[PDB]
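Hydrogens, waters and symmetry mates play no part in the numbers below; they use all other heavy atoms, side chains included. Each ligand, and each atom within it, is numbered from 1 in the order the structure gives. Each residue takes its place number in the sequence, starting with 1.
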Amino acid sequence: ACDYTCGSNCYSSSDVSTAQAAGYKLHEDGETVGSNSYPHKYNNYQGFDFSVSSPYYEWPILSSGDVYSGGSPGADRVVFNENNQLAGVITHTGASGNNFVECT
Ligand SMILES: Nc1ncnc2c1ncn2[C@@H]1O[C@H](CO)[C@@H](O)[C@H]1OP(=O)(O)O
Ligand SMILES: [Ca+2]
């Protein structure tokens, strides 16, 4: 069973923890990877019910289980705040354009 389901992608809590740790470290270091510069600021204009405060940052989570290293970021993202608290797991899959929907 999946702790988070993004479109057809299945993620366990461990996958999420791993991705967040990686993205957070980059953030602390003032570093980014990829053409789209991850991690990058995330604005909650869709009003997702996040239980932690902003600012928020988005970092790609890969279906493969590997940590994002600068290539295709896919559609899924982990969202974390300035304090390294998990805000949520979202995806571009099933949303129009560059918008998002929450993973279930
Ligand atoms: N797989 C994908 N599906 C839809 N939009 C995507 C995407 N990968 C990147 N984007 C969006 O494309 C634009 C330029 O790359 C950004 O708005 C980026 O949003 P993101 O960084 O929030 O994922
Ligand atoms: Ca996995």
Side-chain angles (χ1 to χ4, degrees), residues 1-24 26-40 42-82 84-97 99-104:
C2 315
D3 290 310
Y4 301 90
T5 308
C6 299
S8 4
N9 301 333
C10 186
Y11 299 113
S12 63
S13 295
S14 58
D15 285 324
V16 173
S17 289
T18 296
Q20 182 186 345
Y24 197 84
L26 252 25
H27 175 75
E28 281 181 322
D29 297 349
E31 184 69 10
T32 59
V33 300
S35 69
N36 309 169
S37 305
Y38 294 105
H40 76 62
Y42 173 77
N43 295 285
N44 194 20
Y45 63 83
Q46 290 175 249
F48 298 135
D49 194 52
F50 294 152
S51 289
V52 301
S53 47
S54 56
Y56 305 118
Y57 304 84
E58 59 163 291
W59 171 254
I61 183 168
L62 302 181
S63 65
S64 71
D66 298 321
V67 169
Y68 181 70
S69 59
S72 178
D76 310 332
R77 312 281 179 265
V78 302
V79 178
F80 59 83
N81 75 4
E82 205 68 62
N84 198 12
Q85 296 179 278
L86 182 70
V89 186
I90 62 174
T91 185
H92 286 303
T93 297
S96 74
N99 295 113
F100 291 92
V101 302
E102 300 183 81
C103 292
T104 58

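- Close approach of ligand 1 to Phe100 (heavy-atom distance below 4.0 Å) involves ligand atoms 22 (O).
- Here the two rings, on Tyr42 and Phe100, have centers that are under 6.0 Å apart.
- By the side chain to side chain donor-acceptor pair (under 3.5 Å) test, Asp66 is found to be paired with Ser64, residues two or more places apart in sequence or in another chain being considered.
- Residues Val52 and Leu86 fail the side-chain proximity criterion, which asks for heavy atoms closer than 4.5 Å.
- Side-chain polar atoms of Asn9 and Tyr4 form no donor-acceptor pair below 3.5 angstrom.
- The closest side-chain donor-acceptor pair between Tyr11 and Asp76 falls under 3.5 angstrom.
- For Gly74, a nitrogen or oxygen atom sits less than 3.5 Å from a nitrogen or oxygen atom of ligand 1, counting backbone and side chain alike.
- Using a 4.5 Å cut-off on side-chain heavy atoms (C-beta onward), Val101 and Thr93 make no contact.
- Those atoms of ligand 1 with a heavy atom of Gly97 less than 4.0 angstrom away are 4 (C), 5 (N).
- Residues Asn81 and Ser53 form a side-chain contact, since some pair of their non-hydrogen atoms from C-beta on lies under 4.5 Å apart.
- The shell of residues lying under 4.0 angstrom from ligand 1, judged by heavy atoms, excludes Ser35.
- Of all protein atoms, those that are N, O or S and lie under 3.0 Å from the Ca ion (ligand 2) total 2.
- Side-chain atoms of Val89 and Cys6, non-hydrogen and from C-beta on, do get closer than 4.5 Å to each other.
- With ligand atoms numbered from 1 in the order given, ligand 1 contributes 8 (N), 9 (C), 23 (O) to contacts under 4.0 Å with heavy atoms of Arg77.
- Residue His40 has at least one heavy-atom neighbour below 4.0 Å for each of these atoms of ligand 1: 20 (P), 21 (O), 22 (O).
- Every atom of ligand 1 with a heavy atom of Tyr38 under 4.0 Å away is listed here by number and element: 20 (P), 21 (O), 23 (O).
- Looking at heavy atoms from C-beta onward, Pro39 lies in side-chain contact with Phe80 at the 4.5 angstrom threshold.
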